[PDB]
Structure formats: C-alpha cells, structure tokens
Amino acid sequence: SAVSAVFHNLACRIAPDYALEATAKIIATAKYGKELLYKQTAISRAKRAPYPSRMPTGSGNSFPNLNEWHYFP
Amino acid sequence: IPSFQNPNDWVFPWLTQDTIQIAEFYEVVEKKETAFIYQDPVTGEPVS
C-alpha cells in the first residue's frame, strides 16, 4: 500500500533536474498518499499523557491503598 | 521487640522511629463459683 504514495513524491523531486514540474494529479495523490501511510501512525500515537503531580486518590475508589497519584499510576 | 503485623499504613507520609506493637487479647471463660460463706467477727453479722 506504500507503493501508491511514494512514486508520485519521487517523480516530483527529480522533475526540476529534467526541467519539468509535476501536474496537478501527481502532487494531489502524493500528499493524499503519504497522509494515508501516516494515518495508522497518528491513530496509535493518540492517547492522553498521565495524570498531573496533584491528583486526588479519591474515596469513590475501593481500597487503592495509596495516597496521592503523582506520576505513580 | 514484638509486632502484630503493623496496624498502621505502609504509605508513610511520615515515619516514626519506633511504633512497635503488642496485642492484648480478651477471651471469655465463665468459670463461676459456689458456696464459701463465712461470718464477720467484727461487730456481728454472720452469713457474709
């Protein structure tokens, strides 16, 4: 699936060497293609960072056996 | 230098040098008794 992205981005970069510039379809597919390759990565990197230095340990919690959640959990 | 198992927290927002523990247990036995009647020679009154 990574094939369908790359050869558009590659054909754009070697184009000024040949005194050419890529057409509208090549630059559009190049950007949309590389975005779909990064699509799975940006989903997996999503999730909130651990709780701050000051966070309650709660009393709705049942037997946490700890006071303070610092960067402990 | 006895212990129980520590009743106290193990989180320890402070730590005292010695807090060593001993448990006083209470068990029940009825035992009871009977008789043992005496007199009082001081100013009368028998059947004490």
# chains A, B, ... in the order shown; residues from 1 in each chain; ligands from 1
$ residues_around --residues "region 49-58 of chain A" --least-positions-apart "4" --cutoff "8 Å" --atoms "only C-alpha atoms" --output "list in words"
residues 64, 66, 67, 68, 69, 70, 71 and 73 of chain A
$ residues_around --residues "region 1-4 of chain A" --least-positions-apart "6" --cutoff "10 Å" --atoms "only C-alpha atoms" --output "VMD selection string"
chain A and resid 29 to 30 33 to 34 36 to 37
$ write_last_selection --atoms "N, CA, C and O atoms" --output "PDB file, in the first residue's frame"
ATOM      1  N   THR A  29      -2.176  13.377  -5.320  1.00  0.00           N
ATOM      2  CA  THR A  29      -2.053  11.988  -4.930  1.00  0.00           C
ATOM      3  C   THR A  29      -0.851  11.788  -4.044  1.00  0.00           C
ATOM      4  O   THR A  29      -0.879  10.948  -3.152  1.00  0.00           O
ATOM      5  N   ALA A  30       0.243  12.556  -4.264  1.00  0.00           N
ATOM      6  CA  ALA A  30       1.444  12.494  -3.459  1.00  0.00           C
ATOM      7  C   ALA A  30       1.202  12.872  -2.018  1.00  0.00           C
ATOM      8  O   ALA A  30       1.731  12.232  -1.109  1.00  0.00           O
ATOM      9  N   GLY A  33      -1.554  10.385  -0.526  1.00  0.00           N
ATOM     10  CA  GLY A  33      -0.960   9.083  -0.388  1.00  0.00           C
ATOM     11  C   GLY A  33      -0.144   8.982   0.856  1.00  0.00           C
ATOM     12  O   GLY A  33      -0.305   8.031   1.613  1.00  0.00           O
ATOM     13  N   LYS A  34       0.758   9.963   1.102  1.00  0.00           N
ATOM     14  CA  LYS A  34       1.621   9.955   2.264  1.00  0.00           C
ATOM     15  C   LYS A  34       0.841  10.159   3.544  1.00  0.00           C
ATOM     16  O   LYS A  34       1.248   9.692   4.604  1.00  0.00           O
ATOM     17  N   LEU A  36      -2.194   8.815   4.060  1.00  0.00           N
ATOM     18  CA  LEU A  36      -2.809   7.533   4.334  1.00  0.00           C
ATOM     19  C   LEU A  36      -1.810   6.569   4.925  1.00  0.00           C
ATOM     20  O   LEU A  36      -2.184   5.660   5.663  1.00  0.00           O
ATOM     21  N   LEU A  37      -0.505   6.759   4.625  1.00  0.00           N
ATOM     22  CA  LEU A  37       0.569   5.958   5.164  1.00  0.00           C
ATOM     23  C   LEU A  37       0.866   6.358   6.593  1.00  0.00           C
ATOM     24  O   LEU A  37       1.273   5.520   7.398  1.00  0.00           O
TER      25      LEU A  37
END
$ interface_residues --of "chain B" --to "chain A" --cutoff "10 Å" --atoms "only C-alpha atoms" --output "MDAnalysis selection string"
chainID B and resid 9:13
$ write_last_selection --atoms "N, CA and C atoms" --output "CSV table (one decimal), in the first residue's frame"
chain,number,residue,atom,x,y,z
B,9,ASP,N,-0.4,2.3,58.4
B,9,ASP,CA,-0.2,2.5,57.0
B,9,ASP,C,1.2,2.2,56.6
B,10,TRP,N,1.4,1.7,55.3
B,10,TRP,CA,2.7,1.4,54.8
B,10,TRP,C,3.0,2.5,53.7
B,11,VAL,N,2.1,3.5,53.5
B,11,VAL,CA,2.3,4.6,52.7
B,11,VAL,C,3.4,5.5,53.2
B,12,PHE,N,3.3,5.8,54.6
B,12,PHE,CA,4.2,6.6,55.4
B,12,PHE,C,4.4,8.0,54.9
B,13,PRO,N,3.5,8.9,55.0
B,13,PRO,CA,3.8,10.4,54.9
B,13,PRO,C,4.7,10.9,55.9
$ atom_distance --atom1 "CA of residue 24 (chain A)" --atom2 "CA of residue 12 (chain A)"
10.8 Å
$ residues_around --residues "residue 23 (chain B)" --least-positions-apart "6" --cutoff "12 Å" --atoms "only C-alpha atoms" --output "VMD selection string"
chain B and resid 2 to 7
$ write_last_selection --atoms "N, CA, C and O atoms" --output "short mmCIF file (atom, residue, chain, number, x, y, z; two decimals), in the first residue's frame"
data_model
loop_
_atom_site.label_atom_id
_atom_site.label_comp_id
_atom_site.auth_asym_id
_atom_site.auth_seq_id
_atom_site.Cartn_x
_atom_site.Cartn_y
_atom_site.Cartn_z
N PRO B 2 8.33 -6.80 69.99
CA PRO B 2 7.23 -7.51 69.36
C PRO B 2 6.60 -6.69 68.26
O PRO B 2 6.92 -5.51 68.11
N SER B 3 5.68 -7.33 67.50
CA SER B 3 4.90 -6.70 66.47
C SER B 3 3.64 -7.52 66.42
O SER B 3 3.52 -8.54 67.09
N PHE B 4 2.65 -7.06 65.62
CA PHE B 4 1.43 -7.78 65.35
C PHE B 4 1.53 -8.15 63.89
O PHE B 4 1.74 -9.32 63.56
N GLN B 5 1.32 -7.17 62.99
CA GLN B 5 1.84 -7.23 61.65
C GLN B 5 1.99 -5.82 61.14
O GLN B 5 2.25 -5.64 59.95
N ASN B 6 1.95 -4.83 62.07
CA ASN B 6 1.75 -3.41 61.83
C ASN B 6 0.29 -3.14 61.53
O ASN B 6 -0.20 -3.62 60.51
N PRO B 7 -0.48 -2.42 62.36
CA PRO B 7 -1.83 -1.99 62.02
C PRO B 7 -1.77 -0.76 61.14
O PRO B 7 -2.78 -0.43 60.52
#
$ closest_residue --among "B:33, B:47, B:39, B:8" --to "residue 21 (chain B)" --atoms "only C-alpha atoms"
B:8
$ residues_around --residues "residue 9 (chain A)" --least-positions-apart "3" --cutoff "8 Å" --atoms "only C-alpha atoms" --output "ChimeraX atom specification"
/A:5-6,12-13,26-27,30-31
